[PDB]
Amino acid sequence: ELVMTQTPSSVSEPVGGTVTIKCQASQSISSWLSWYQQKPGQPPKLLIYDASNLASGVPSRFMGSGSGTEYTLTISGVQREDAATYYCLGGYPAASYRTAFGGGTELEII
């Protein structure tokens, strides 16, 4: 039932630039939102949890925020190692609407 609409599909940013990734929830999820980073051949890595908390071992440049239905992943000072694909995860397994991933955002660094 829950659909997470993730925009944009792809982003190209030079080193030191700011990256904004958005996820729109089809239902009210509150703080039930997390952000993940995936590089080719590797499983995803947790970046943000409870919509706005920085996960342990994640650079300070990764910022999460949310207001109602809209959620944002900001990477302030993009580094070459930040070239990856990004995903949001909304909801809860036992919620009426279940849990769901966004379509993902492929980040390329200039």
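When you see a residue number, it is the position in the sequence shown, counting from 1.
- A summary of the deposited B-factors shows that, of 52-60 and 30-38, the stretch with the larger mean C-alpha value is 52-60.
- Ranked against the other modelled residues of its chain, the C-alpha B-factor of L73 as given in the entry falls in the middle third.
- Sorting the modelled residues of the chain by their CA temperature factor places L107 in the lowest third.
- Ranked by C-alpha B-factor against the other modelled residues of its chain, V15 falls in the lowest third.
- Per-chain ranking of the deposited C-alpha B factor places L89 in the lowest third.
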